[PDB]
Amino acid sequence: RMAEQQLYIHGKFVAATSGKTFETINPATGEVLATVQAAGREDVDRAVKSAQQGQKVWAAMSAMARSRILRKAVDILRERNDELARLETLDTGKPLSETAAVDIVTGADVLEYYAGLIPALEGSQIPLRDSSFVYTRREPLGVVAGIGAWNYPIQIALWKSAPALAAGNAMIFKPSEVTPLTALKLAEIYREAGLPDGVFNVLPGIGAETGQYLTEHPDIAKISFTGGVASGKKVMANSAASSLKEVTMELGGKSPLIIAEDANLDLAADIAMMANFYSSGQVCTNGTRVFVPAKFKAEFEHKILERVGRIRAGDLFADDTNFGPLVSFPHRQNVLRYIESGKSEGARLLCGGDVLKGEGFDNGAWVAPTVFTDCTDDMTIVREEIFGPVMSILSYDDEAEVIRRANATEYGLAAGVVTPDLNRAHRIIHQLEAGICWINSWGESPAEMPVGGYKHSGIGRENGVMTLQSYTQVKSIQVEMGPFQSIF
Amino acid sequence: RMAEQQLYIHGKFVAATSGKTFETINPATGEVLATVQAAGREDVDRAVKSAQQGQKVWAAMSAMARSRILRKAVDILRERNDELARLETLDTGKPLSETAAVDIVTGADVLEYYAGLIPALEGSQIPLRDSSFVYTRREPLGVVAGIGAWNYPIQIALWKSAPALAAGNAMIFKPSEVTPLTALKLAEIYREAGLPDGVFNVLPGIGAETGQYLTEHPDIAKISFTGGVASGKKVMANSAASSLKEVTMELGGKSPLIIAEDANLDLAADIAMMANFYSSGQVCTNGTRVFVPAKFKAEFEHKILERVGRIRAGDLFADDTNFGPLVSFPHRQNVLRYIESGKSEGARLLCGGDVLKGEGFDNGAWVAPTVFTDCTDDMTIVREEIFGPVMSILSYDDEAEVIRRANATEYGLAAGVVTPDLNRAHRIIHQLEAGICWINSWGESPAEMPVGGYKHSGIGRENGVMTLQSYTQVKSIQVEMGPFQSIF
Amino acid sequence: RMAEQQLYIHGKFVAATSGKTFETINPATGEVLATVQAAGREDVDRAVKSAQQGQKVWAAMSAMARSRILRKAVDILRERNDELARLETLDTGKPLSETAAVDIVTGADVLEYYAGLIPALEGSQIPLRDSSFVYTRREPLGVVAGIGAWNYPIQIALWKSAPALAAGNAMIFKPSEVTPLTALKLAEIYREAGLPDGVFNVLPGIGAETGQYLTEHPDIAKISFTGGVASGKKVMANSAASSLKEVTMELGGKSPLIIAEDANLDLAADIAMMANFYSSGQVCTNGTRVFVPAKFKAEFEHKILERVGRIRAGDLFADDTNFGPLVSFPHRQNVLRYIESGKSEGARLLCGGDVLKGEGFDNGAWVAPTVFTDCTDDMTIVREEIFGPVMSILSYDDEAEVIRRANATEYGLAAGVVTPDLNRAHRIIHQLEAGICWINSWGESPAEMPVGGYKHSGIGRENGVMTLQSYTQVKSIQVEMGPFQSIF
Amino acid sequence: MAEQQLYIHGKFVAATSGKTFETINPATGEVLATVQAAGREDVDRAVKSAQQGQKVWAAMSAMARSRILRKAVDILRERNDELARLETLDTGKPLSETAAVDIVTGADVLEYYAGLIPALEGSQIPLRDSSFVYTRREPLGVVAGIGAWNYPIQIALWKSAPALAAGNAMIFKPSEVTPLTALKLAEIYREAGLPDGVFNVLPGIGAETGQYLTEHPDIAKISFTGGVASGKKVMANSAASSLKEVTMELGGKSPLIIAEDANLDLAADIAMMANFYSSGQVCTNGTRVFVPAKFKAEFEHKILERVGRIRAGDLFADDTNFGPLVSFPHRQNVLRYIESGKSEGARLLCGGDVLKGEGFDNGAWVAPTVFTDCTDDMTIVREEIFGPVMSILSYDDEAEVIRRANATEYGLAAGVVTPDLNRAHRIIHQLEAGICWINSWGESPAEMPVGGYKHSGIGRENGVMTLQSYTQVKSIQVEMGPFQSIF
Ligand SMILES: Cc1cc2nc3c(=O)[nH]c(=O)nc-3n(C[C@H](O)[C@H](O)[C@H](O)COP(=O)(O)OP(=O)(O)OC[C@H]3O[C@@H](n4cnc5c(N)ncnc54)[C@H](O)[C@@H]3O)c2cc1C
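Protein chains in written order, with this note's numbering: chain Y, 1 to 488; chain G, 1001 to 1488; chain X, 2001 to 2488; chain Z, 3001 to 3487.
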């Protein structure tokens, strides 16, 4: 057990005034990791007033002064990488082999990226005529709010807070109630790095209360949300109805992986595995519809079975473990229901499909890596995001067909193609309706690369130079040096 | 009167299948200008399918081919300026002295600007390592919808359709039911210029039906809305609940005009007049809170009274007319309610405050130019947007005070300062919470200059290079040329 | 015969005061096309004072006013395309099948592109602290000079004058003494479109006199030169000694075409043909070193010989003619000297190598399409730019080798690769030391694409957005609103 | 000090020239150090070293390069005082300046560019469904910087920072007057993790070492700071040799325009800072001060009062704010100009002679000097002096002063002092100078591009554009459609 976790407001831990708490569980054992205070409406208002005061100090500093502070936080994150990863593993159930190599490393990469860009944030100047010109300022939005998801807690906290802070804002961050612990550690790290009090406040709580209070508050200028497609629609509605906030949404997907007829099937199988079974399949960008040519389908299935047989579930801190439990028992129940739907709708179960049992598994929400084949576009498992380790294999005959079927979805997050052919790779990718496209790979998300969804998978983008800009608002200023003429 | 006005879908006028119609009234006479068909749910679906087909043809053309077609539309608009202006005056009540000099001229200015920028729309390329790089595409959103307001009907239709079309999209445009006529002429003009069938469709109708059907349609990727704060909040909510659409909102304001202690009061009075009584006060950016130093208030009031006396209401086609009726009789009733509110709360009526009477006015929706003084920050006329010819004059003592009071509003659209002092002009403007700021002038909105609101006055921007980009969506593409490594 | 050609200064033809003239020869017949006046030192001084006056009028116009004038020049160039192409064919010897399809079409494409970009030319704004900010202006250089080459006379005149004019400068253009005629026609076209007098002046003359006088003039702010590597080095030196002018240089190359081991040899042969024998080999970007894998060399040679046999020399105005004489008889003598060196140094002559003979050829400066094989890196024909129809075929064994040999040159203009493999194409191209790189094609130069040389092949770039910016100069302006502190 | 060597490939190495030169302490006349001079063979060795290091450097990730330059920034901040004392010994500038400006703003620029490395991006241009273009911003390769003597280490950092950040190696030739801090910077870069060969330093004289750099066939770009005459030679020899890209930051005769509504205390402070900082050895100095006739007398009085507070003395004393000139030959040239001002009829307001007495007789001191009643034809008004010599000129109306401010072959900087919104922007927009200050002088933020119009320069330094200018664009067309040959 850990000590009781409090709110983080204005550079210090503080008790919530809500009188409410919740528990976060270790998904591998079921033990209570901590009791956590839940922010109420009054706590949210305190956090906003704290953020308004800190934002003014932060914005008044020089650009390089802000850069240096964020870089100090990067340095602390690098030093504490392994410790934070262990905490993330306890809170999420993801293997340490993942968390120590990806979660903090790539979160800190984005913070480090934006820290260096702060001095490059510039407005524009537009000559109109000798006697008048326009210039623009990219001004901070003010106080912004981030709402996190549970699959990559500290990485999401860093990907939202880095551009927000770098753009001169304060952010109030609400982590998922499933995984609140690393966000609180990040808040301390920022303060240690010299971030002014109030610039990064963290309010654990449940979505129906703490999250809603943030989306309704009249002095928060922008909401950035990561989570499911459904929950996203609700947040975006409430943010508009209350105070017309700017919005960013990073939602789920049903992303297609297209294997071309000229692909090497070992490479294609390796990409499909990494696109489906990393983080136990709990990744928004996963390539969960795998399109394979009919002539290669049988051989591809064999190569998938061989690789799935290698997956190593077990002790999450052991080096050779590469597969974990799902984050919770309710989430596994939902994944199990999708698996049962696949069976009842006539998809062929290639492997997996059941809970794991026995010593070391009975206390966690483990599901075996699962692969369905003989899938068709009308099946529930093919149409809906599962957010578990469930691959759907679909046969196709020609390039025009596969593009059509890949695009025939309300989702739009990611896509990829496996082919050695120059023309085929670019030609196919240019026609796919997704924001994140991978050629002969999957999953890499460089700090420089803007990422987000088409269609129901998102609004706006994260990462890249454009996301620094999107956390500012443009003010246009006309200087009229000629004599003003009134017609009255 | 005109013949029953039909919908415009796929390069031709077509009858609505809704069985519903509405009337547009000439606000100068009360007569019916035309009966207009209202697009039904099935009509909207037809328009979307038409737009999808046209967008594909349009996007497949070269960038310069798109530029030439928009440039031909510009040429037709310049040629037909006077004819279109006369129709706009009939539909809106704005004097021909305005519509023939501003509405089409500045609408076409924006179309001409975006036509030339089409070839400069570029993605990026990012080296990761010798064996991998990223490039981005700025892809069309697809089909977008624009929903217009009634104060600048054809100008709004051009400011929305120009960046949308230039970015490679098709737009379905719903004009205000108050002023539907010039949008239909624009649709014909675009087709005459060579715009492919379906790329610009126009669907008259009422907001609760035709507008909502557009905000709900699953195949429309973005909604751009101009109108009131209230209706915007509804539009943004329904667009989210339906299909998670990207959104732009240009709403109203209560913009402050700050007269500095060193301002020339003849200039300040001229700016205040142009910021309040152009288009009979029906301009979202109007500077309807005029802050004047206490020591200058009496002299400024005298200068305003003098200039108000020069306003020339009359025949909207007469050369010397520079003031018109309001857009509709229901709108006049709301403006009269605000005026009575000002009287009942004790604001001092300096001039106006009643309808115009006599030959040539009894049949039009005329409100006299009205000025209230001795106003305070809590009065209803000071807090709420009136959208009529009602100036509120507020006394103030010092610079810090006036900046706070200017900013103490949920609105955020525009602001201005009158001062000959270098430091004062930039110092004050940099502290105002508004997207559109004028120094020693008011109202000019160059095609190059991004415009839109802070806080409740808007989401996103129009005009400028940034708005061409905001009608595209970013696709990031990673080319991995090294061997892909799976951990399984 | 044509009338004596005069200088074009300040919107009209005017007599030179040098007392000197020169003749331009029709390379198909040896006849004198025209006597042309040569601008002397005083004529250059007159042209600069004219340009100084016109530049002020031009820069004082609005951006869109300049845009519209250049667009009118585009419209005239489209209408007169065939007439201008016929004159270019008479002056250069290039077939009408080329000049009517490329020279004016792509020249006007660049003018049309930059006309549309004028309003997007913007400076920057940089906040330093609450009390100080910087903004930048992109100001015209003033009077700039362009010095053209003889292979693409009017295209070069357009590619230099379009960005210079669009950026607000006046340009004095000196066409090659070999090909002066179409530049004078362009000057008339600009005046007809509304270009202010003095903004585009044309001074025919010889390089040692008129060209040098321009490079030395103290009131010319920039020189843009297209021509041979040697003459460029001299122009750049003389510009520095005089008044430290900005410089752009587009010089020749010895560009490599790399045929990969997996290439289709018909495609490779087609690309090699277009890279060597268009415009009778007089293209700076030609792929005159063709690297072929040893295993495919014999077959590649056979495919080249088959296509060379199809080349159709003849009447330059006939539709089926696709090969012309060289631009002048002295240039033919130099090409023949290079061919003789190839023979004497042991390269194997596969075809051509002599003048064309018989009726319709004896009086023109014809050289047969020539192909050498078994070439080695030390041969004169492999190391030096020939600027005639002479392909050198070189065998190679592995990818590392061909990259090294492709790069082992002082030239750096263009390069290309023929391969269907995704990784091979990007991997190889990323390692080549050239500014213009083509994958599975050759020769296309879109207006959007910056083009220029590495190493000895050039300084700066033409086309693209960057070249518009390179015809402005940055002024940085700091506004200090805080109290200035002196240490004295 | 010990005899100073070349720095090639991460180590000090003896020169192969057999030649050396001396750097003099301008405060005492003593020899500070004997310095080895790089010969033509040393330059070729430096280039081959740089070619090797650049490939290692460019192959690293962008953030790996960023981190290494940031470590160099951290070392520079820690050793600010040590480097500043060395700079003061070599240049004669007061420690009060070198410890506050030279390294601080040098490191500021390095720190700025370190953060921008990951933002360096090419473009992508769709042509049609079957073809697109993308561009790469590739390193130039090996570039050379040739420095001036007034801000030795700052110039070394302002040239090397964008060059290194863009993925190039730089060979740096410091001025022979002031070679010492550049060698220190080379050690700091290596300590920070910079690959061997990426920053090589070759001391030597301009006529030999500098010329050998401009002539070398494998150097892709030259960045030069110095005088117009040497610049014309550099740019010519760079073209004649191998057609190198060239950037030049030359001198100026920058005008300071005092408006009719200016506060004269503010104007006098700006004129003082624009003329007597670094003993007047600043390229951007506002050495033509235009004052309205109606205020001329009062302005002169305010200038004289501020000149009287100038504190020449021990360059390591806290209150010292004025030093000797960088060298004794430079002083004779400055005295030549001062005597020209006297003989052409300018009125001497103060100064005009060397400083004398204990502690000054052995240093290259020139007193702060002010001329008034100046006219546009005078030599001191037309030519850059690069010493502490202010020229005051009267004017009557705004159009006149703008014409006269612009009537020069120089174009580096300019400024206006006025509280009026319209006057400040209106006048500045009409001045033909690259660096313009309103109600201030001298501040040169890392973000702000700076360089000259007309004879004052080619290209710019600082800002995002200068990072880009140390790359070359490669355009790449991908044709996915079938290629059509007409043959
Ligand atoms: C049954 C019915 C009949 C009506 N008949 C008429 C009539 O005959 N004449 C008339 O002038 N008005 C009519 N209205 C509309 C009414 O006057 C509203 O006040 C309407 O909002 C006025 O639109 P506006 O453009 O003035 O203002 P705003 O409400 O600001 O409208 C701005 C724009 O948004 C659109 N809009 C408004 N609400 C929505 C929404 N919920 N979803 C999408 N788009 C929306 C408007 O149509 C317009 O294009 C009718 C409404 C209903 C429900």
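Note that beta-carbon positions come from the ideal geometry of N, C-alpha and C, so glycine has one too.
*Since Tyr3212 of chain Z and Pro3162 of chain Z are thought to touch, with beta carbons under 8 Å apart, how far apart are those beta carbons, to the nearest angstrom?*
Here the question's residue 3212 of chain Z lines up with position 212 in the fourth sequence. Here the question's residue 3162 of chain Z lines up with position 162 in the fourth sequence. The pair is not a contact, with the Cβ atoms about 23 Å apart (cut-off 8 Å).
_Would you say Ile2126 of chain X lies against chain Y (beta-carbon separation less than 7 Å)?_
Stepping through the third sequence from its first residue, residue 2126 of chain X is reached at position 126. Yes, contact with chain Y.
*asked:* For a cutoff of 7 Å on Cβ pairs, would you count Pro2140 of chain X as touching chain Z?
replied: The residue you call residue 2140 of chain X lines up with position 140 of the third sequence. With 7 Å as the cut-off, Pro2140 of chain X does not count as an interface residue toward chain Z.
*How would you list, in chain order, the residues of chain Z whose beta-carbon sits under 9 Å from the beta-carbon of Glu448 of chain Y?*
Taking the first residue of the first sequence as position 1, residue 448 of chain Y is located at position 448. Within chain Z, the residues near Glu448 of chain Y are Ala3062, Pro3118, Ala3119 and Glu3121.
*Assuming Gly2093 of chain X and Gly2324 of chain X make a contact with CB atoms under 8 Å, what is their CB distance in whole Å?*
Within the third sequence, numbered from 1, the residue matching residue 2093 of chain X stands at position 93. Within the third sequence, numbered from 1, the residue matching residue 2324 of chain X stands at position 324. Right, the Cβ-Cβ distance comes to about 5 Å (below 8 Å), so this counts as a contact.
*Helix or strand or just coil, what does DSSP make of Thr1106 of chain G?*
By one-based count along the second sequence, residue 1106 of chain G stands at place 106. DSSP places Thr1106 of chain G in helix when its eight states are reduced to three.
*For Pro1293 of chain G, collect the residues of the same chain with a Cβ closer than 6 Å to its Cβ; drop the 5 residues on either side in sequence, then sort them by chain order.*
In the second sequence, residue 1293 of chain G corresponds to position 293, counting from 1. Only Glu1261 meet the Cβ criterion.
*Interfacial residues, the region 1220-1236 of chain G to chain Y, with Cβ spacing under 9 Å*: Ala1221, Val1229, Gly1232, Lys1233, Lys1234, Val1235 and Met1236
*Is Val2074 of chain X helix, strand or coil by DSSP?*
Counted from its first residue, the third sequence places residue 2074 of chain X at position 74. Three-state DSSP puts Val2074 of chain X in a helix.
*Which residues, taken in chain order from the region 285-310 of chain Y, show a beta carbon closer than 7 Å to some beta carbon of chain G?*
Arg307 and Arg310
*Should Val1235 of chain G be listed as close to ligand 1, given that the test is whether its C-beta is under 6 Å from any heavy atom?*
Locating residue 1235 of chain G in the second sequence gives position 235, counting from the first residue. Flag set: Cβ of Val1235 of chain G near ligand 1.
_heavy atom of ligand 1 below 6 Å from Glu1177 of chain G C-beta_ = In the second sequence, counting from the first residue as 1, residue 1177 of chain G sits at position 177. Flag set: Cβ of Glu1177 of chain G near ligand 1.
*Decide if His2217 of chain X is buried, meaning its Cβ has at least 16 other Cβ atoms within 10 Å, or exposed.*
Counting from 1 along the third sequence, the entry for residue 2217 of chain X is found at position 217. Flag for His2217 of chain X reads buried.
*Own chain partners of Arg1041 of chain G with C-beta closer than 6 Å, once the 5 adjacent residues on each side are dropped*: For the purposes of this step, residue 1041 of chain G is taken as residue 41 along the second sequence, with counting starting at 1. If we look at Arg1041 of chain G and ignore the five residues flanking it on each side, its Cβ neighbours are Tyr1213.
*Determine the chain G residues that contact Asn2423 of chain X at a beta-carbon separation under 7 Å, and present them in chain order.*
What you label residue 2423 of chain X is simply residue 423 of the third sequence in a count that begins at 1. Going along chain G in sequence order, the residues near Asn2423 of chain X (Cβ under 7 Å) are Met1481.
*asked:* Against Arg3426 of chain Z, what residues of chain Y qualify as contacts under a CB-to-CB distance less than 7 Å, listed in chain order?
replied: Here residue 3426 of chain Z refers to the residue found at position 426 when the fourth sequence is read from its first residue. Chain Y residues near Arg3426 of chain Z: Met481.
*asked:* Which residues of the region 2451-2471 of chain X have a Cβ closer than 8 Å to any Cβ of chain G? Give them in chain order.
replied: Listed by position, the residues of the region 2451-2471 of chain X near chain G (Cβ gap below 8 Å) are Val2465.
*Do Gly3251 of chain Z and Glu3384 of chain Z have their C-beta atoms closer together than 7 Å?*
One-based indexing of the fourth sequence puts residue 3251 of chain Z at position 251. One-based indexing of the fourth sequence puts residue 3384 of chain Z at position 384. Contact flag set, yes.
*Entirely enclosed beta strand (DSSP E) segments - the region 1333-1415 of chain G, minimum 3 residues*: Runs found: 1348-1351, 1370-1373 and 1390-1396.
*Distance, Cα to Cα, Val290 of chain Y vs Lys2343 of chain X?*
Your numbering for residue 290 of chain Y matches position 290 in the first sequence. Your numbering for residue 2343 of chain X matches position 343 in the third sequence. In a straight line, the C-alpha of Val290 of chain Y is about 60 Å away from that of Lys2343 of chain X.
_Boundaries of the alpha helix (DSSP H) in which residue 1541 of chain G is found, first to last residue_ = Limits of chain G in this structure are 1001 at one end and 1488 at the other, which puts residue 1541 of chain G out of reach.
*Within this structure, are the beta carbons of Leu141 of chain Y and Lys254 of chain Y separated by less than 7 Å?*
In the first sequence, counting from the first residue as 1, residue 141 of chain Y sits at position 141. In the first sequence, counting from the first residue as 1, residue 254 of chain Y sits at position 254. Cβ atoms of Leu141 of chain Y and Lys254 of chain Y: not closer than 7 Å.
_Just to confirm the assignment: which complete beta strand (DSSP E) runs, minimum length 3, are found wholly within the region 195-276 of chain Y?_
200-202, 222-226, 246-250 and 256-259
*Does any heavy atom of ligand 1 sit closer than 6 Å to the C-beta of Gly205 of chain Y?*
Counted from its first residue, the first sequence places residue 205 of chain Y at position 205. Flag unset: Cβ of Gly205 of chain Y not near ligand 1.
*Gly2116 of chain X and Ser2067 of chain X look like a contact to me (Cβ under 8 Å); what is the Cβ gap, rounded to whole Å?*
Numbered from 1 along the third sequence, position 116 holds the residue referred to as residue 2116 of chain X. Numbered from 1 along the third sequence, position 67 holds the residue referred to as residue 2067 of chain X. That pair is a contact at about 7 Å.
*Quick one: is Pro3419 of chain Z near chain G, going by C-beta distance under 7 Å?*
One-based indexing of the fourth sequence puts residue 3419 of chain Z at position 419. It does; some Cβ of chain G falls within 7 Å.
*Going by the beta-carbon positions, is the gap between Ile3486 of chain Z and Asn2081 of chain X smaller than 7 Å?*
Position 486 of the fourth sequence holds residue 3486 of chain Z. Position 81 of the third sequence holds residue 2081 of chain X. Cβ distance not < 7 Å, so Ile3486 of chain Z and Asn2081 of chain X don't count as in contact.
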